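Have a look at structure_0.pdb below; it lists PDB, N, CA, C and O atoms.
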```
ATOM      1  N   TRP M   1    -257.460 -75.539 -53.665  1.00  0.00           N
ATOM      2  CA  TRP M   1    -257.574 -75.906 -52.259  1.00  0.00           C
ATOM      3  C   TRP M   1    -258.294 -74.818 -51.468  1.00  0.00           C
ATOM      4  O   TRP M   1    -257.747 -73.738 -51.243  1.00  0.00           O
ATOM      5  N   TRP M   2    -259.519 -75.110 -51.049  1.00  0.00           N
ATOM      6  CA  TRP M   2    -260.313 -74.155 -50.284  1.00  0.00           C
ATOM      7  C   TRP M   2    -260.099 -74.346 -48.787  1.00  0.00           C
ATOM      8  O   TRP M   2    -260.288 -73.418 -48.000  1.00  0.00           O
ATOM      9  N   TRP M   3    -259.703 -75.554 -48.400  1.00  0.00           N
ATOM     10  CA  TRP M   3    -259.463 -75.865 -46.996  1.00  0.00           C
ATOM     11  C   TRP M   3    -258.033 -75.516 -46.597  1.00  0.00           C
ATOM     12  O   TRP M   3    -257.507 -76.034 -45.612  1.00  0.00           O
ATOM     13  N   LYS M   4    -257.407 -74.634 -47.369  1.00  0.00           N
ATOM     14  CA  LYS M   4    -256.037 -74.214 -47.096  1.00  0.00           C
ATOM     15  C   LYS M   4    -255.916 -73.630 -45.692  1.00  0.00           C
ATOM     16  O   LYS M   4    -254.822 -73.556 -45.132  1.00  0.00           O
ATOM     17  N   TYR M   5    -257.046 -73.217 -45.129  1.00  0.00           N
ATOM     18  CA  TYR M   5    -257.067 -72.638 -43.791  1.00  0.00           C
ATOM     19  C   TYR M   5    -256.494 -73.614 -42.768  1.00  0.00           C
ATOM     20  O   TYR M   5    -255.968 -73.206 -41.732  1.00  0.00           O
ATOM     21  N   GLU M   6    -256.597 -74.905 -43.067  1.00  0.00           N
ATOM     22  CA  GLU M   6    -256.090 -75.939 -42.173  1.00  0.00           C
ATOM     23  C   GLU M   6    -254.670 -76.343 -42.559  1.00  0.00           C
ATOM     24  O   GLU M   6    -254.028 -77.133 -41.867  1.00  0.00           O
ATOM     25  N   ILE M   7    -254.187 -75.795 -43.669  1.00  0.00           N
ATOM     26  CA  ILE M   7    -252.843 -76.096 -44.148  1.00  0.00           C
ATOM     27  C   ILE M   7    -251.876 -74.964 -43.820  1.00  0.00           C
ATOM     28  O   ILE M   7    -250.716 -75.201 -43.483  1.00  0.00           O
ATOM     29  N   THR M   8    -252.362 -73.730 -43.922  1.00  0.00           N
ATOM     30  CA  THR M   8    -251.541 -72.560 -43.636  1.00  0.00           C
ATOM     31  C   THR M   8    -250.822 -72.705 -42.300  1.00  0.00           C
ATOM     32  O   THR M   8    -249.767 -72.109 -42.083  1.00  0.00           O
ATOM     33  N   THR M   9    -251.400 -73.502 -41.405  1.00  0.00           N
ATOM     34  CA  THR M   9    -250.814 -73.725 -40.090  1.00  0.00           C
ATOM     35  C   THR M   9    -249.395 -74.273 -40.205  1.00  0.00           C
ATOM     36  O   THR M   9    -248.467 -73.753 -39.585  1.00  0.00           O
ATOM     37  N   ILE M  10    -249.236 -75.324 -41.002  1.00  0.00           N
ATOM     38  CA  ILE M  10    -247.930 -75.940 -41.199  1.00  0.00           C
ATOM     39  C   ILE M  10    -247.260 -75.418 -42.465  1.00  0.00           C
ATOM     40  O   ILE M  10    -246.038 -75.480 -42.606  1.00  0.00           O
ATOM     41  N   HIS M  11    -248.069 -74.901 -43.385  1.00  0.00           N
ATOM     42  CA  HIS M  11    -247.555 -74.365 -44.640  1.00  0.00           C
ATOM     43  C   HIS M  11    -246.499 -73.294 -44.382  1.00  0.00           C
ATOM     44  O   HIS M  11    -245.693 -72.980 -45.257  1.00  0.00           O
ATOM     45  N   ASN M  12    -246.510 -72.739 -43.175  1.00  0.00           N
ATOM     46  CA  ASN M  12    -245.553 -71.702 -42.802  1.00  0.00           C
ATOM     47  C   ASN M  12    -244.182 -72.306 -42.511  1.00  0.00           C
ATOM     48  O   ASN M  12    -243.173 -71.601 -42.491  1.00  0.00           O
ATOM     49  N   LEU M  13    -244.155 -73.615 -42.288  1.00  0.00           N
ATOM     50  CA  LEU M  13    -242.907 -74.316 -42.001  1.00  0.00           C
ATOM     51  C   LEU M  13    -242.635 -75.395 -43.043  1.00  0.00           C
ATOM     52  O   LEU M  13    -241.504 -75.855 -43.195  1.00  0.00           O
ATOM     53  N   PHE M  14    -243.680 -75.794 -43.761  1.00  0.00           N
ATOM     54  CA  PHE M  14    -243.554 -76.819 -44.790  1.00  0.00           C
ATOM     55  C   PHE M  14    -242.913 -76.247 -46.051  1.00  0.00           C
ATOM     56  O   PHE M  14    -242.331 -76.979 -46.852  1.00  0.00           O
ATOM     57  N   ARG M  15    -243.024 -74.933 -46.221  1.00  0.00           N
ATOM     58  CA  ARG M  15    -242.457 -74.263 -47.384  1.00  0.00           C
ATOM     59  C   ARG M  15    -240.964 -74.555 -47.506  1.00  0.00           C
ATOM     60  O   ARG M  15    -240.398 -74.510 -48.599  1.00  0.00           O
ATOM     61  N   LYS M  16    -240.331 -74.853 -46.377  1.00  0.00           N
ATOM     62  CA  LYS M  16    -238.904 -75.153 -46.355  1.00  0.00           C
ATOM     63  C   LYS M  16    -238.627 -76.524 -46.966  1.00  0.00           C
ATOM     64  O   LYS M  16    -237.540 -76.774 -47.488  1.00  0.00           O
ATOM     65  N   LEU M  17    -239.616 -77.407 -46.897  1.00  0.00           N
ATOM     66  CA  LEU M  17    -239.480 -78.753 -47.446  1.00  0.00           C
ATOM     67  C   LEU M  17    -239.823 -78.772 -48.932  1.00  0.00           C
ATOM     68  O   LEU M  17    -239.233 -79.527 -49.706  1.00  0.00           O
ATOM     69  N   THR M  18    -240.780 -77.937 -49.324  1.00  0.00           N
ATOM     70  CA  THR M  18    -241.201 -77.858 -50.717  1.00  0.00           C
ATOM     71  C   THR M  18    -240.013 -77.601 -51.637  1.00  0.00           C
ATOM     72  O   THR M  18    -239.950 -78.129 -52.748  1.00  0.00           O
ATOM     73  N   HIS M  19    -239.071 -76.789 -51.168  1.00  0.00           N
ATOM     74  CA  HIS M  19    -237.883 -76.463 -51.949  1.00  0.00           C
ATOM     75  C   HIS M  19    -237.106 -77.726 -52.308  1.00  0.00           C
ATOM     76  O   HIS M  19    -236.322 -77.735 -53.257  1.00  0.00           O
ATOM     77  N   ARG M  20    -237.330 -78.790 -51.544  1.00  0.00           N
ATOM     78  CA  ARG M  20    -236.648 -80.058 -51.780  1.00  0.00           C
ATOM     79  C   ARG M  20    -237.587 -81.064 -52.440  1.00  0.00           C
ATOM     80  O   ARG M  20    -237.146 -81.968 -53.150  1.00  0.00           O
ATOM     81  N   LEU M  21    -238.884 -80.900 -52.201  1.00  0.00           N
ATOM     82  CA  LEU M  21    -239.885 -81.794 -52.773  1.00  0.00           C
ATOM     83  C   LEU M  21    -240.093 -81.502 -54.255  1.00  0.00           C
ATOM     84  O   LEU M  21    -239.683 -82.282 -55.115  1.00  0.00           O
ATOM     85  N   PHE M  22    -240.731 -80.374 -54.548  1.00  0.00           N
ATOM     86  CA  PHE M  22    -240.993 -79.979 -55.927  1.00  0.00           C
ATOM     87  C   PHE M  22    -239.716 -80.039 -56.761  1.00  0.00           C
ATOM     88  O   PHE M  22    -239.755 -80.340 -57.954  1.00  0.00           O
ATOM     89  N   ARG M  23    -238.586 -79.749 -56.124  1.00  0.00           N
ATOM     90  CA  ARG M  23    -237.298 -79.769 -56.806  1.00  0.00           C
ATOM     91  C   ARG M  23    -236.753 -81.191 -56.901  1.00  0.00           C
ATOM     92  O   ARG M  23    -236.070 -81.542 -57.863  1.00  0.00           O
ATOM     93  N   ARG M  24    -237.062 -82.005 -55.897  1.00  0.00           N
ATOM     94  CA  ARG M  24    -236.603 -83.389 -55.867  1.00  0.00           C
ATOM     95  C   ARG M  24    -237.680 -84.306 -55.295  1.00  0.00           C
ATOM     96  O   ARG M  24    -237.551 -85.530 -55.337  1.00  0.00           O
TER      97      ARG M  24
END
```
How does this structure look as structure tokens?
Amino acid sequence: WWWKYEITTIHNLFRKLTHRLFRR
């Protein structure tokens, strides 16, 4: 992902959901 620059914005708060996504 090279356009991560547009994701880092929410990626700072989405990381909390990933713990439930990737895991479930």
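Atom pair atom C of residue 14 of chain M / atom CA of residue 2 of chain M: separated by 18.0 Å.
Counting from atom C of residue 6 of chain M, the distance to atom CA of residue 18 of chain M is 15.8 Å.
The space separating atom O of residue 3 of chain M from atom CA of residue 23 of chain M comes to 23.4 Å.
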Go through chain M and collect every residue that DSSP, computed from the backbone, puts in helix (DSSP H, G or I); the answer should be as a list in words.
residues 3, 4, 5, 6, 8, 9, 10, 11, 12, 13, 14, 15, 16, 17, 18, 19, 20 and 21 of chain M
